[PDB]
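**Q** After the structure tokens below, expect a handful of questions from me.
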Amino acid sequence: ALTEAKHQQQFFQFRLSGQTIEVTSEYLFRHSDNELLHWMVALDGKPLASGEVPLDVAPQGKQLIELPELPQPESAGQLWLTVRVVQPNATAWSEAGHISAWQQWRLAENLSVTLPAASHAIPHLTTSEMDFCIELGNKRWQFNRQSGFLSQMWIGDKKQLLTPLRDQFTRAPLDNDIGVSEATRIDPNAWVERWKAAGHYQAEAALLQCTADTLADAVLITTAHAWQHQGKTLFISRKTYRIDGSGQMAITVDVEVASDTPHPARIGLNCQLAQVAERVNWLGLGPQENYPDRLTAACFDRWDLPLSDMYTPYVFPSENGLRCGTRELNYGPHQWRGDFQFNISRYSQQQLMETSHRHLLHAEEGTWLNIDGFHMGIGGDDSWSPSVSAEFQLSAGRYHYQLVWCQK
Amino acid sequence: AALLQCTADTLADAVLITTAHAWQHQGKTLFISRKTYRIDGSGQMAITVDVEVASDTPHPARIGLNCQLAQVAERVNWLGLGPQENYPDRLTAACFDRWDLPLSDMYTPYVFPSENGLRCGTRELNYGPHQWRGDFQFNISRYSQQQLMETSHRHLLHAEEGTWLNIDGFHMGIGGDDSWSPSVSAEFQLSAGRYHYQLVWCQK
């Protein structure tokens with residue numbers, strides 16, 4: 001959280017107007033003499049321009065900066081402008097080259113019109129009575145017909161799932177989700193308290209429908225679950241899986257949330273990756289952990305970091321290391337695409353929920369992946385009463401998300 | 001528009017139509033509308049829509065479908081907000097109920113024609129033998145969005161051949177803080193980039 005702070009607290013404010021940039025100094029007594037403003041442009045992570053420019057802004061002053069005529073590529077993707085204020089020389093409290101601030105804007109968007117190149121190959125579907133199997137080349141996908149889940153997937157001979165791919169609406173309760181609710185003295189207004197008390201944590205799925213159809217070019221998996229607790233339907237999960245000639249899977253999801261139930265901490269899926277890699281690369285906001293009511297200090301970019309770094313050692317273990325507005329992320333041979341939020345560590349949430357201390361958790365067989373279509377804000381105004389803004393609560397009822405799962 | 005794709009597939013008990021269109025002005029793709037019509041043996045089609053909106057285009061006034069039917073029925077009946085014309089940034093005085101009105105009450109006689117009579121939060125619409133179902137905003141008159149727009153006075157409007165129908169998954173705000181500058185507040189602007197909505201059309 002130290003970052004959302006530094007950033008919000010910065011001394012230089014920015015306004016971009018066209019290719020022009022307005023800088024505002026919040027300094028009251030000092031002129032900017034140890035400032036340099038770098039700036040850069042870049043299609044989905046790829047640089048196309050850099051530029052340094054020395055700030056000469058007085059305290060309370062404004063300063064103008066005209067961006068040299070930008071570049072423009074046809075290439076799909078989003079254009080992003082990012083800036084930073086740099087302290088060329090070292091001071092007493094800062095190293096030389098210290099970043100004192102930054103801001104970033106999205107310049108443009110060239111959408112992708114192009115359609116794919118009509119599968120050379122095709123998915124084959126095996127209709128066991130227990131499963132629906134799908135194959136195409138070295139790749140195979142197992143949909144269990146009784147759980148409605150996607151129990152297992154192979155790349156060649158190797159399995160990839162230790163667990164299945166399933167809907168998730170919960171979260172190992174952060175400090176603020178708990179507040180002062182105790183075991184003796186329960187706080188019925190605690191987010192967790194209300195969640196706890198509604199069966200969020202113990203809802204149980206219910207196959208309502210599981211089908212396969214073969215499409216002129218792909219395999220269609222339809223499924224629908226209802227999660228309930230005491231004859232009470234809390235949620236409804238409606239998906240479709242689409243495996244096509246490129247051995248690419250398209251996940252489309254659509255959840256219904258019963259008005260009269262506390263709002264979910266989240267909405268998405270999770271599974272245990274059989275695998276374990278060293279690095280994590282994604283295209284979104286980062287590098288650091290970031291939540292919805294807490295991501296203004298984060299930058300959209302191509303980030304590359306170590307597994308160790310995607311987990312936040314909060315002495316009192318709780319949900320963490322989330323990264324928002326992710327468009328893509330690669331882990332091992334996997335690659336996921338769409339818009340979402342994710343978290344990837346070596347710990348089930350349960351392990352998180354059930355551990356009082358960080359030093360008591362242990363890494364698990366594979367890799368726990370949490371993909372969120374959506375996720376509730378964290379809160380924080382106080383950690384003794386709900387301090388989560390309504391905007392950051394998943395109150396829609398109706399929710400939709402889609403994924404593309406594939407390999408390399 | 002631009003047809004990127006259009007495919008009929010056959011299923012166990014349904015039919016699957018599948019489209020992609022791209023809206024462009026001068027080689028900028030404004031929008032993209034992806035869809036699947038899925039007709040079934042009950043004689044009922046389920047439309048799904050998934051639009052993409054470019055981040056650098058002024059946000060759409062709205063996002064939906066429309067068409068002009070032939071039927072021209074006396075009433076209208078829906079389960080949603082009303083009975084009166086409600087827009088998103090103005091819908092508090094409305095109530096969720098089962099409303100049944102004359103078509104006429106479906107048009108609002110503003111003197112300087114403009115979009116009107118919208119009803120938000122509709123769960124079920126009904127006109128003639130058709131019924132539509134889901135989560136939408138809608139409006140229905142005998143005037144085209146375009147007729148309204150090229151007519152300076154309500155008095156010069158003329159009824160069109162049948163009922164025009166506007167079914168919106170999404171509609172921008174109305175504003176009002178003032179009329180000489182932009183009044184729509186952000187939460188009312190359609191600026192998310194991705195929109196998804198569903199419908200179900202059927203008859204009786």
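**Q** Which of the residues that make up segment B:45-91 are more than 14 Å from chain A (Cβ to nearest Cβ), small (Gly, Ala, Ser) and more than 30 Å from B:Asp178 (Cβ to Cβ)?
**A** B:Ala70, B:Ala73
**Q** Moving on to the next point. Suppose the filter is assigned to a strand (DSSP E or B), within 13 Å of the chain's Cα centre (by Cα), surrounded by fewer than 20 Cβ atoms within 10 Å (Cβ to Cβ) and assigned by CATH to the domain that holds A:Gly377; does A:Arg327 pass it?
**A** Values: assigned to a strand (DSSP E or B): yes; within 13 Å of the chain's Cα centre (by Cα): yes; surrounded by fewer than 20 Cβ atoms within 10 Å (Cβ to Cβ): yes; assigned by CATH to the domain that holds A:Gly377: yes.
Here the answer is yes, as A:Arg327 does meet what is asked.
Matching residues to (1) under 22 Å from A:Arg140 (Cα atoms); (2) part of a strand (DSSP E or B); (3) under 24 Å from the mean Cα position of the chain (by Cα); (4) polar (S, T, N, Q):
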{"position": "A:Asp167", "(1), (2), (3), (4)": "yes, yes, yes, no"}
{"position": "A:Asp177", "(1), (2), (3), (4)": "no, no, yes, no"}
{"position": "A:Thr184", "(1), (2), (3), (4)": "no, no, no, yes"}
{"position": "A:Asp187", "(1), (2), (3), (4)": "no, no, no, no"}
{"position": "A:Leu208", "(1), (2), (3), (4)": "no, yes, no, no"}
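**Q** While we're on this one: Yes or no: A:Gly321 surrounded by fewer than 18 Cβ atoms within 10 Å (Cβ to Cβ), touching a strand residue (DSSP E or B) at 6+ places or on another chain (Cβ under 8 Å), in the same structural domain as A:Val253 (by CATH) and without any contact (Cβ under 8 Å) to a residue 60 or more places away in the chain?
**A** Values: surrounded by fewer than 18 Cβ atoms within 10 Å (Cβ to Cβ): no; touching a strand residue (DSSP E or B) at 6+ places or on another chain (Cβ under 8 Å): yes; in the same structural domain as A:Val253 (by CATH): yes; without any contact (Cβ under 8 Å) to a residue 60 or more places away in the chain: yes.
Taking the combined requirement at face value, the residue does not satisfy it.
**Q** Any residue at all in segment A:377-386 that's in the same structural domain as A:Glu182 (by CATH), within 15 Å of the chain's Cα centre (by Cα) and surrounded by fewer than 17 Cβ atoms within 10 Å (Cβ to Cβ)? Working first, answer last.
**A** To start, the set of residues in segment A:377-386 that are in the same structural domain as A:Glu182 (by CATH) comprises A:377-386.
With within 15 Å of the chain's Cα centre (by Cα) added as a condition, the list becomes A:377-378.
Of the ones still in play, those that are also surrounded by fewer than 17 Cβ atoms within 10 Å (Cβ to Cβ) are none.
No, there is no match, as no residue in segment A:377-386 is in the same structural domain as A:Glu182 (by CATH), within 15 Å of the chain's Cα centre (by Cα) and surrounded by fewer than 17 Cβ atoms within 10 Å (Cβ to Cβ).
**Q** In the set A:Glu193, A:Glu204, which member is without any contact (Cβ under 8 Å) to a residue 24 or more places away in the chain, among the acidic types (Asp, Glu) and either in the same structural domain as A:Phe340 (by CATH) or over 23 Å from A:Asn370 (Cβ atoms) (or both)? Working first, answer last.
**A** On the way: A:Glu204 fails: without any contact (Cβ under 8 Å) to a residue 24 or more places away in the chain.
Criteria check complete, one pass: A:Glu193.
**Q** Residues in segment A:330-351 that are over 12 Å from A:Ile371 (Cα atoms) and within 14 Å of another protein chain (Cβ to nearest Cβ): how many?
**A** 0
**Q** Is there a residue in segment A:247-264 that is part of a strand (DSSP E or B) and either over 20 Å from A:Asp167 (Cβ atoms) or without any contact (Cβ under 8 Å) to a residue 12 or more places away in the chain (or both)?
**A** Here is the first cut: in segment A:247-264, the residues part of a strand (DSSP E or B) are A:248-257.
Narrowing further to those that are either over 20 Å from A:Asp167 (Cβ atoms) or without any contact (Cβ under 8 Å) to a residue 12 or more places away in the chain (or both): A:248.
Within segment A:247-264 (the criterion being part of a strand (DSSP E or B) and either over 20 Å from A:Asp167 (Cβ atoms) or without any contact (Cβ under 8 Å) to a residue 12 or more places away in the chain (or both)), the answer is yes, since at least one residue qualifies.
**Q** Could you look through segment A:200-257, keep only residues that are among the acidic types (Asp, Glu) and within 28 Å of A:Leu115 (Cβ to Cβ), and pick out the one that is farthest from the other protein chains (Cβ to nearest Cβ)? Break it down stepwise before answering.
**A** Filtering segment A:200-257 down to residues among the acidic types (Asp, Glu) leaves A:204, A:213, A:217, A:244, A:254, A:256.
Applying the additional criterion that residues be within 28 Å of A:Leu115 (Cβ to Cβ) yields A:213, A:217, A:244, A:254.
Values: A:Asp213: 5, A:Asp217: 8, A:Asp244: 12, A:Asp254: 8 Å.
Only one residue tops the list, namely A:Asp244.
**Q** Here is a check on your reading of the model: is A:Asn290 closer than 25 Å to A:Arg166 by Cβ and either out of contact with any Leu (no Cβ under 7 Å at 6 or more places or on another chain) or part of a strand (DSSP E or B) (or both)? I'd like the intermediate steps shown before the answer.
**A** Values: closer than 25 Å to A:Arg166 by Cβ: yes; either out of contact with any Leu (no Cβ under 7 Å at 6 or more places or on another chain) or part of a strand (DSSP E or B) (or both): no.
No: the conditions fail for A:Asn290.
**Q** Next question. Quick one: would you say A:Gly332 is closer than 22 Å to A:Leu403 by Cα and surrounded by fewer than 19 Cβ atoms within 10 Å (Cβ to Cβ)? Outline the logic, then answer.
**A** Values: closer than 22 Å to A:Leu403 by Cα: yes; surrounded by fewer than 19 Cβ atoms within 10 Å (Cβ to Cβ): yes.
For A:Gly332, the condition - closer than 22 Å to A:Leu403 by Cα and surrounded by fewer than 19 Cβ atoms within 10 Å (Cβ to Cβ) - is met.
**Q** Which residue out of A:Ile134, A:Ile221 is touching a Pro at 6+ places or on another chain (Cβ under 8 Å) and either among the small types (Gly, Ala, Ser) or in the same structural domain as A:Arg266 (by CATH) (or both)?
**A** Details: A:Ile221 fails: touching a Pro at 6+ places or on another chain (Cβ under 8 Å).
Just a single option satisfies the conditions, and that option is A:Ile134.
**Q** If the Cβ limit is 8 Å and pairs must be 6+ apart or interchain, which residue in segment A:278-290 that is assigned by CATH to the domain that holds A:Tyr311 pairs with which residue that is part of a strand (DSSP E or B) and among the small types (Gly, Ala, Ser)?
**A** What qualifies is A:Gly284/A:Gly325; A:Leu285/A:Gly325.
**Q** Just to be sure I understand, how many residues within segment A:349-360 are surrounded by fewer than 19 Cβ atoms within 10 Å (Cβ to Cβ) and within 23 Å of A:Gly286 (Cβ to Cβ)? Working first, answer last.
**A** So in segment A:349-360, the residues surrounded by fewer than 19 Cβ atoms within 10 Å (Cβ to Cβ) come out as A:350-351, A:353-360.
Next cut, within 23 Å of A:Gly286 (Cβ to Cβ) only: A:358.
Residues in segment A:349-360 being surrounded by fewer than 19 Cβ atoms within 10 Å (Cβ to Cβ) and within 23 Å of A:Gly286 (Cβ to Cβ): 1 in total.
**Q** Continuing with this model, one more query. Here are A:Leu369, A:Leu394, A:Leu352: which of them is in a loop (DSSP other than H, G, I, E, B) and either among the aliphatic types (A, V, I, L, M) or touching a residue at least 40 places away in the same chain (Cβ under 8 Å) (or both)? Steps first, answer last, please.
**A** Details: A:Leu369 fails: in a loop (DSSP other than H, G, I, E, B); A:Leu352 fails: in a loop (DSSP other than H, G, I, E, B).
Residue meeting the stated conditions: A:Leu394.
**Q** Could I ask something else about it? Can you name every residue in segment B:1-44 that is facing chain A (nearest Cβ under 10 Å) and part of a loop (DSSP other than H, G, I, E, B)?
**A** Listed by number, the residues that qualify are B:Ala2, B:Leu11, B:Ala12, B:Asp13, B:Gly27, B:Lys28.
**Q** Exactly one of (1) in contact with a strand residue (DSSP E or B) (Cβ under 8 Å, 6 or more places away or on another chain); (2) within 19 Å of A:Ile267 (Cα to Cα); (3) surrounded by fewer than 16 Cβ atoms within 10 Å (Cβ to Cβ) is unmet by A:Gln209. Its number?
**A** With (1) in contact with a strand residue (DSSP E or B) (Cβ under 8 Å, 6 or more places away or on another chain); (2) within 19 Å of A:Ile267 (Cα to Cα); (3) surrounded by fewer than 16 Cβ atoms within 10 Å (Cβ to Cβ) applied to A:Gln209, the lone miss is (2).
**Q** Does segment A:132-142 contain at least one residue that is basic (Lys, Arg) and under 30 Å from B:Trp23 (Cβ atoms)?
**A** Quick first cut of segment A:132-142, residues basic (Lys, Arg) only: A:139-140.
If we keep only those that are under 30 Å from B:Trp23 (Cβ atoms) as well, we get none.
Looking through segment A:132-142, none of the residues is basic (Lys, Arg) and under 30 Å from B:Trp23 (Cβ atoms).
Ideal geometry is used to build each Cβ from the backbone, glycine not excepted, and the neighbour counts take in all protein chains shown. Numbers and lists here come from the model and the stated rules, or from a named source; these are not laboratory values.
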